[PDB]
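A.B. asks: The structure that follows is given in the form of C-alpha cells.
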Amino acid sequence: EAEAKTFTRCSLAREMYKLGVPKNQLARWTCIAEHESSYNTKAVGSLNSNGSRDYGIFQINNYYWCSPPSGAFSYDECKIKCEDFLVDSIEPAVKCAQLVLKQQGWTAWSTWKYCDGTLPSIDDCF
C-alpha cells in the first residue's frame, strides 16, 4: 500500500513551527511540500535523470541527502535512511530539509520556482 499521509498548508506549518522551524520559512516550506509531494510524507519521486530518487514530503534526494534502501552509495548528508521519511511524522523530513536549506538554501528544491515569489502570510494557520 502507498496510501498518502497528506498534510495541509496549515497542518504542515503548525507541525513545522512546533518542530522549531521559524515562521518566516513556513509559507515557503508549505509551498515546497505542495509542489514536491502534495504534502504527502509518503511521497517517493520517479527516478531522476541521474538515477536518483527523492523521498518524502520535501523530496529529499537518495544520492546526496539520504541513504537509499539499497546498498547504493549516498552522500547521505542528513545521515538518514530515505525510507525513514516514509512515516506519518514530518520531523525526519523537516530536520533534513532544514539542513538542506542551511547548506544549499531554497534553490535546492527544483520546485523553488513555484515558491520564490509572493506567498501568503502563514499566520492564518496560527
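Every chain in the C-alpha cells takes a letter, A first, then B, and so on in the order presented; its residues are numbered from 1, and the ligands are numbered from 1 following the presented order.
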If you count only C-alpha atoms, which residues fall within 9 Å of range 71-85 of chain A, apart from same-chain ones fewer than 3 positions away, as a PyMOL selection string?
C.D. replies: chain A and resi 41-44+54-57+60-68+88-93+95-97+99-100
A.B. asks: Env of range 7-20 of chain A: 10 Å cut, atoms = only C-alpha atoms, seq-sep filter 4 positions within chain, self excluded. Answer as a ChimeraX atom specification.
C.D. replies: /A:24-31,33-34,37-41,57,88-91,94-95,122-126
A.B. asks: Restricting the output to N, CA and C atoms, write the selected residues as a CSV table (one decimal), in the first residue's frame.
C.D. replies:
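Done, and the output landed in selection21.csv:
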chain,number,residue,atom,x,y,z
A,24,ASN,N,8.8,32.4,9.4
A,24,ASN,CA,9.2,33.1,8.2
A,24,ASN,C,9.6,32.1,7.1
A,25,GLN,N,9.7,30.8,7.4
A,25,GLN,CA,10.1,29.8,6.5
A,25,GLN,C,8.8,29.0,6.1
A,26,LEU,N,7.8,29.1,6.9
A,26,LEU,CA,6.7,28.2,6.8
A,26,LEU,C,5.9,28.2,5.5
A,27,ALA,N,5.6,29.4,5.1
A,27,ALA,CA,4.9,29.6,3.8
A,27,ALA,C,5.7,28.9,2.7
A,28,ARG,N,7.0,29.2,2.7
A,28,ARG,CA,7.9,28.6,1.7
A,28,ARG,C,8.0,27.1,1.8
A,29,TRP,N,8.1,26.5,3.0
A,29,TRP,CA,8.1,25.1,3.2
A,29,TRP,C,6.8,24.5,2.8
A,30,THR,N,5.7,25.1,3.1
A,30,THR,CA,4.4,24.5,2.7
A,30,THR,C,4.3,24.6,1.2
A,31,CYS,N,4.7,25.7,0.6
A,31,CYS,CA,4.7,25.8,-0.8
A,31,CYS,C,5.6,24.7,-1.4
A,33,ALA,N,6.4,21.8,0.0
A,33,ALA,CA,5.7,20.5,0.2
A,33,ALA,C,4.6,20.3,-0.8
A,34,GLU,N,3.9,21.3,-1.1
A,34,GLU,CA,2.8,21.2,-2.0
A,34,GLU,C,3.3,20.7,-3.4
A,37,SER,N,5.3,17.2,-3.3
A,37,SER,CA,4.8,16.0,-2.8
A,37,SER,C,3.3,16.0,-2.5
A,38,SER,N,2.7,17.2,-2.6
A,38,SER,CA,1.3,17.4,-2.3
A,38,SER,C,1.2,17.1,-0.8
A,39,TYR,N,2.1,17.5,0.0
A,39,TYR,CA,2.1,17.4,1.4
A,39,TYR,C,2.0,16.0,1.9
A,40,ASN,N,2.6,15.1,1.1
A,40,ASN,CA,2.5,13.7,1.4
A,40,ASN,C,3.8,13.2,1.9
A,41,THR,N,3.9,12.9,3.2
A,41,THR,CA,5.2,12.3,3.8
A,41,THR,C,5.6,11.0,3.1
A,57,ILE,N,8.1,14.2,2.0
A,57,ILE,CA,7.3,15.4,1.7
A,57,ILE,C,8.1,16.5,1.1
A,88,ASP,N,4.5,8.8,9.3
A,88,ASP,CA,3.4,9.8,9.5
A,88,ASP,C,3.9,11.1,9.9
A,89,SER,N,5.1,11.0,10.5
A,89,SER,CA,5.7,12.2,11.1
A,89,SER,C,6.6,12.9,10.0
A,90,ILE,N,6.5,14.2,10.0
A,90,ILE,CA,7.3,15.1,9.1
A,90,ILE,C,8.7,15.4,9.6
A,91,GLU,N,8.8,15.1,10.9
A,91,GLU,CA,10.1,15.5,11.6
A,91,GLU,C,11.4,15.1,10.9
A,94,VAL,N,11.6,17.3,7.9
A,94,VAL,CA,11.8,18.6,8.3
A,94,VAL,C,13.2,18.9,8.7
A,95,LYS,N,13.7,18.0,9.6
A,95,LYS,CA,15.1,18.1,10.1
A,95,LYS,C,16.1,18.1,8.9
A,122,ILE,N,1.8,33.0,6.6
A,122,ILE,CA,1.3,31.7,7.1
A,122,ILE,C,0.5,31.9,8.4
A,123,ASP,N,0.4,33.1,8.9
A,123,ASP,CA,-0.2,33.3,10.2
A,123,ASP,C,-1.7,33.1,10.3
A,124,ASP,N,-2.3,33.0,9.1
A,124,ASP,CA,-3.7,32.5,9.2
A,124,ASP,C,-3.8,31.0,9.7
A,125,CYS,N,-2.6,30.3,9.7
A,125,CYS,CA,-2.5,28.9,10.2
A,125,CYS,C,-2.3,28.9,11.7
A,126,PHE,N,-2.1,30.0,12.3
A,126,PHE,CA,-1.7,30.2,13.7
A,126,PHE,C,-2.7,31.1,14.4
A.B. asks: With distances taken over only C-alpha atoms, which residue among A:2, A:87, A:21, A:32 lies nearest residue 110 in chain A?
C.D. replies: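 When distances to residue 110 in chain A are compared using only C-alpha atoms, the smallest one comes from A:32.
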A.B. asks: Quick one, how far is CA of residue 108 in chain A from CA of residue 3 in chain A?
C.D. replies: 27.0 Å
A.B. asks: By how many Å are CA of residue 22 in chain A and CA of residue 59 in chain A apart?
C.D. replies: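 So the answer is 20.3 Å.
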A.B. asks: I'd like the interatomic distance between CA of residue 117 in chain A and CA of residue 86 in chain A, to a tenth of an Å.
C.D. replies: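 Separating CA of residue 117 in chain A from CA of residue 86 in chain A is a distance of 29.1 Å.
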A.B. asks: Which residues in chain A does DSSP call strand (DSSP E)? List them as a PyMOL selection string.
C.D. replies: chain A and resi 54-55+60-61
A.B. asks: Print the selection's residues with C-alpha atoms to a file, as a PDB file, in the first residue's frame.
C.D. replies:
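again-v8.pdb, written as the output of this step:
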ATOM      1  CA  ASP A  54      13.569  11.703  -3.921  1.00  0.00           C
ATOM      2  CA  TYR A  55      11.923  10.884  -0.673  1.00  0.00           C
ATOM      3  CA  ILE A  60      14.974  14.563  -0.173  1.00  0.00           C
ATOM      4  CA  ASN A  61      17.445  13.036  -2.588  1.00  0.00           C
TER       5      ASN A  61
END
A.B. asks: Identify, with DSSP run on backbone atoms, the residues in chain A assigned to alpha helix (DSSP H), and express the list as a PyMOL selection string.
C.D. replies: chain A and resi 9-18+26-37+91-104
